[PDB]
Amino acid sequence: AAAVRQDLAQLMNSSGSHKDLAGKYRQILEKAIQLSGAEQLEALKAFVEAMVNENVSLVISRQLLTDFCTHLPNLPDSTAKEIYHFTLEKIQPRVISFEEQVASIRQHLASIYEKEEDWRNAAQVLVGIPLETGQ
Amino acid sequence: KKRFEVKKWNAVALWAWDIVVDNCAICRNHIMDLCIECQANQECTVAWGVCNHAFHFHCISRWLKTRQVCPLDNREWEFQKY
Amino acid sequence: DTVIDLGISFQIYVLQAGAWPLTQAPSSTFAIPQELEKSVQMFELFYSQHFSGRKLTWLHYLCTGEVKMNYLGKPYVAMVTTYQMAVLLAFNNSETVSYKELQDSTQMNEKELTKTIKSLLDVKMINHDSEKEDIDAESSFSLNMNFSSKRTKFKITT
Ligand SMILES: [Zn+2]
Ligand SMILES: [Zn+2]
Ligand SMILES: [Zn+2]
């Protein structure tokens, strides 16, 4: 009965001072990815919005961020492009912290753009990776 | 707001040109090319100055036999790095 | 046009890469602390808007800063390098941390991390209960707040 909203609110409102038992129900949550169509897209947008948030410490957000990035190519490309763009825009405020993440995301997005015979978009996406002006 | 906050941060950073050298000003070819002279008729390398301008070694050799100044900044040329 | 609150009193020394002997010779992968990321982003934007065609390489081993303790008995303010500040910031989760947590948070190299740990032990900021601080898997460091400072500056520089 819409308990997902209550769980999400409790999780972000949680202090999480322990952090030692988070692994169990984060691995449980990891396999809970397939939510059919638009529900999956909304859930992934909410997840990345909650993990982009400033209050989350930069010790576990990066690891699950790369794990979600590697889980992303399993999705169909049509929605994969949209979620890649959305997470690129959401990580845009904090790029210097997430450099591996943006690099991998842009590489995957450029690949899927190239497989669509769209060279301009793929080249522009690959350009956005900071290779000299990067930390 | 936190338990152990940060007040001040004295940062130190180094700035550098995004593209230092990409073409010899004399031959107009790329600095990794054959200086246009070795290209038409043949080791080609870079020769920097005290201004760090990085022309082709052969191109700056040909330029120096007529003019004593750097092509770009028009100052007295002194060799540095090779 | 939009209000910018860095949360940090920011002062920087931007130096020529070619002129200065300093360089990013070490392969340190030091992860930036999250509190002062806004400062570096704002200054990178300012430098891009001001000087075109340049890039910035922050020397994370030469920048220092002040961390203030005010609710732990008001023990004045400490001044430490960013390497010595990332570990203190990671100590915010709890009084005792492991080497794995520091490795995952600061993302520093083994040599730099061990140097920071040794310098902290010289300060006696953190300590080990036993003599197991050697190369192992536990590395159970802990706080030593009972050994409060005597001066206020506590300006370590060597
Ligand atoms: Zn030339
Ligand atoms: Zn030549
Ligand atoms: Zn010159």
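Residues numbered from 1 in each chain as written, not as in the entry; some residues may be left out. Chains lettered and ligands numbered in written order. Part of a larger assembly, values for the part shown. Heavy atoms only, no water.

## Overview of the coordination of the zinc ion (ligand 2)
Coordination sphere of the zinc ion (ligand 2), protein contribution only: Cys35 of chain B (SG), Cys38 of chain B (SG), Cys44 of chain B (SG) and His58 of chain B (ND1), at 2.1 to 2.3 Å. For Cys38 of chain B, a relative accessible area of 14% gives the class buried. (Donors = N, O, S within 2.8 Å, 3.2 Å for Na, K, Ca; no water. Buried < 20%, exposed > 50% of the residue type's maximum accessible area, 1.4 Å probe, protein only.)

## Re the coordination of the zinc ion (ligand 3)
The reference angle at a metal is 109.5 degrees if four donors form a tetrahedron and 90 or 180 degrees if six donors form an octahedron. Residue and element names in this part refer to chain B. All of the protein donors around the zinc ion (ligand 3) are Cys51 (SG), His53 (ND1), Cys70 (SG), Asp73 (OD) and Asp73 (OD); their distances to the metal are 2.0 to 2.3 Å. Of note, the donors binding the zinc ion (ligand 3) are all from one chain and are spaced C-x1-H-x16-C-x2-D. Residue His53 is found in the loop between β2 (46-49) and β3 (55-56), and its partner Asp73 is found in the loop between α2 (57-64) and β4 (79-80); the two are separated by 20 residues along the sequence. By relative accessible area, which is 24% here, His53 ends up partly exposed. (Helix = DSSP H or I, 4+ residues; strand = E, 2+ residues; numbered from the N terminus.)

## Observations concerning the sheet that holds strand β5 (residues 96-97) of chain C
All names here are of chain C. Taken in spatial order, the 3 strands of this open sheet run β5-β7-β6, and their pairing is antiparallel. Of all the strands in the sheet, just β5 and β6 (126-127) have a single pairing partner and so form its edges. As paired strands, β5 and strand β7 (residues 141-143) are joined by 2 bridges and run antiparallel to one another. Of the residues in β7, the one forming a bridge with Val97 is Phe141. (Pairing = 2+ DSSP bridges.)

## Notes on the packing of aromatic side chains
This structure, assessed with the given rule, holds 15 aromatic pairs over all chains. Each residue in the set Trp9 of chain B together with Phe10, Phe43, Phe46, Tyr47, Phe51 and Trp58 of chain C is aromatic and connected to the rest through ring pairs, giving one cluster. Over the face of the ring belonging to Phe86 of chain A we find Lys45 of chain A, whose NZ or CZ atom lies 5.1 Å from the ring centre. Note that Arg54 of chain C overlies the ring of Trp15 of chain B, its terminal NZ or CZ placed 3.9 Å from the centroid. (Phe/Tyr/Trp six-rings, centres within 6.5 Å; stacked < 30°, edge-to-face > 60°. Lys NZ or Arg CZ within 6 Å of the ring centre and 35° of its normal.)

## Here we look at the side chain of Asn29 of chain B
All names here are of chain B. With respect to the helices, strands and loops of the structure, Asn29 is situated in the loop between β1 (5-17) and α1 (37-40). Polar side-chain contacts of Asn29 include one of 3.2 Å to the side chain of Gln39. Leaving out residues up to four positions away in the same chain, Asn29 has contacts with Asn23, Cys24, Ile36, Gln39 and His56. (Polar contact = N/O pair within 3.5 Å; in protein donor to acceptor, adjacent residues only side chain to side chain. Contact = heavy atoms within 4.5 Å.)

## Things to note about the interface of chain B and chain C
Each side of the interface is counted separately: chain B has 17 residues, and chain C has 41 residues. When the buried area of chain B at its contact with chain C is split by residue, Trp9, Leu14 and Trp15 of chain B rank highest and sum to 31% of it. Counting every contact that joins chain B to chain C gives 1 salt bridge. A salt bridge links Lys2 of chain B to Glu35 of chain C; its shortest N-O distance comes to 4.0 Å. Our count for the chain B to chain C interface comes out at 20 residue pairs in polar contact. Looking at the side of chain B that touches chain C residue by residue, the class counts come to 10 nonpolar, 1 polar and 6 charged. Inspection of the sheet shows β1 of chain B paired to strand β1 (residues 9-16) of chain C by 8 bridges, in the parallel sense. Bridging across to β1 of chain C, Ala11 of chain B finds its partner in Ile12 of chain C. (Buried area = accessible area lost by both parts, 1.4 Å probe. Salt bridge = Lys/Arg side-chain N within 4 Å of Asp/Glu carboxyl O. Nonpolar A, V, L, I, M, F, W, Y, C, P; charged D, E, K, R; others polar.)

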